[PDB]
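Engineer: Here's a structure for you.
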Amino acid sequence: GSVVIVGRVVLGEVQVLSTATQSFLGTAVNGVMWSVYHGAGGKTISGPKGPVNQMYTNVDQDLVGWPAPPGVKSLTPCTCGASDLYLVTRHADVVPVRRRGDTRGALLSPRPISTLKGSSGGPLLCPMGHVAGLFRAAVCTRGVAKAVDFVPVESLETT
Ligand SMILES: CC(C)(C)[C@@H]1NC(=O)O[C@@H]2CCC[C@H]2OC/C=C/C(F)(F)c2nc3ccccc3nc2O[C@@H]2C[C@@H](C(=O)N[C@]3(C(=O)NS(=O)(=O)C4(C)CC4)C[C@H]3C(F)F)N(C2)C1=O
Ligand SMILES: [Zn+2]
């Protein structure tokens, strides 16, 4: 009934989040751990200090957020306007992406969908290591990922 922190990806650190049936990622920005609604639902984030309710919940945008747990450092938002980005997966893979719009990025080389599965909520990073977006969905054809869809970092604000 809650989301648990089961691991992390060391870049800053991306959180590996899991429910009873699904595992995905969480990215802390502006004091908030952001993730995807299709993974966490409206569930709380659990831990030794007790469950903590989501402070942001947007079903339409597939975006949820909790107050950053103690110790979860926030990543710096990208302000350099880069279009050459890097998707960080739950396996610590860093996949180059060319931004082609406000929420879309093309992959330089198609990757099987199985290799991106479970990395929703992970960050897209600019060449400076700053978070430009948050992995939400993949453009899939013949089971091969050719592009990604992400929540822009600008939408990851407190209010
Ligand atoms: C074909 C496909 C790849 C399955 C699918 N593509 C797709 O739909 O592309 C279209 C065209 C371009 C953008 C997108 O427009 C529709 C928007 C979908 C959405 F994302 F906004 C979304 N909003 C929701 C809001 C509320 C409740 C449920 C929602 N469900 C959604 O979408 C669903 C979920 C999302 C997903 O699987 N994301 C990833 C992932 O890893 N998840 S996960 O960790 O393993 C896991 C399931 C444990 C949590 C990162 C991609 C990985 F697999 F590469 N989906 C389906 C897809 O990506
Ligand atoms: Zn940047």
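So for the sequence shown, the working numbering puts the first residue at 62; every next one is plus one. The beta carbon of each residue, even a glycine, is placed where N, CA and C say it ideally should be.
1. What does DSSP give as the partner residues of residue 119 in its beta bridges?
2. Considering only residues of the same chain and omitting the five flanking positions on each side of residue 163, which have a CB-CB separation below 8 Å?
3. Would a C-beta distance cut-off of 8 Å place residue 155 and residue 168 closer than the cut-off?
4. Please give the ranges of any beta strand (DSSP E) in the segment 161-213, keeping only runs that are unbroken, at least 3 residues long and fully inside the region.
5. When the Cα of residue 211 is compared with those of 186, 220, 203, which residue comes out closest?
6. Alpha carbons only, please: which of 161, 113, 96 is nearest the one belonging to residue 197?
7. Could you check whether the Cβ of residue 141 sits closer than 7 Å to any heavy atom belonging to ligand 2?
8. Using CA atoms only, rank isn't needed, just tell me which of 208, 200, 215, 180 is closest to residue 83.
9. Name the residue from 171, 144, 175, 89 whose alpha carbon lies nearest to the alpha carbon of residue 165.
10. I think residue 118 touches residue 112, with their Cβ atoms under 8 Å apart; what is that distance to the nearest whole Å?
11. Consider the C-beta atom of residue 94 and the heavy atoms of ligand 2; say whether any pair is separated by less than 7 Å.
12. Return the first residue and the last residue of the alpha helix (DSSP H) that residue 81 is part of.
13. Using 8 Å for Cβ pairs, my map puts residue 150 next to residue 183. What's the rounded Cβ distance?
Structural biologist: The structure says:
1. 124
2. 213
3. no
4. 165-173, 184-186, 192-202, 205-213
5. 186
6. 96
7. yes
8. 180
9. 144
10. Actually they do not touch by this definition, with Cβ atoms about 15 Å apart.
11. no
12. That residue, residue 81, is in no alpha helix (DSSP H); it is neither H nor E in DSSP.
13. 6 Å
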